[PDB]
């Protein structure tokens, strides 16, 4: 079949499956090929999820409690993965900026206060502020 081939190849080239899960999907395809569109679907669902587990797992600016709270939330509901990941990254930046703007060596306290205030006012420029801070810290380096 032509659906069989596209599903076979797609399942074969999903990056975030272990070997056993991939081989199980594929063996289910061999068993009843008429279930291709189902098998592929959940396989993609299983990929999109596990990828997520990795990314939040490797968000350096969150502690274990926050990370595995996001992981558990991802398990209790897989379908909102796209949301749970996004909001997690937005936390990461937010908590990173705060820390870096505090623990960064070469800023004077006027700049530091200004950054902490602009950060408390609007965290949506967290990534910007942090960036703007790092550059500043490097431009004023010894």
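Residue numbers count along the first chain shown, from 1.
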- Note on the structure: Entry B factor averaged over C-alpha atoms, 113 to 121 against 53 to 61: higher for 113 to 121
- Which of 123 to 131 and 19 to 27 has higher mean CA B factor, as the PDB entry lists it: 123 to 131
- Based on what the PDB entry reports, which of 38, 68, 95, 106 has the top C-alpha B-factor? 68
- Task: Would you mind checking which of 102, 74, 88, 46 has the top Cα temperature factor in the PDB entry?
- Result: 74
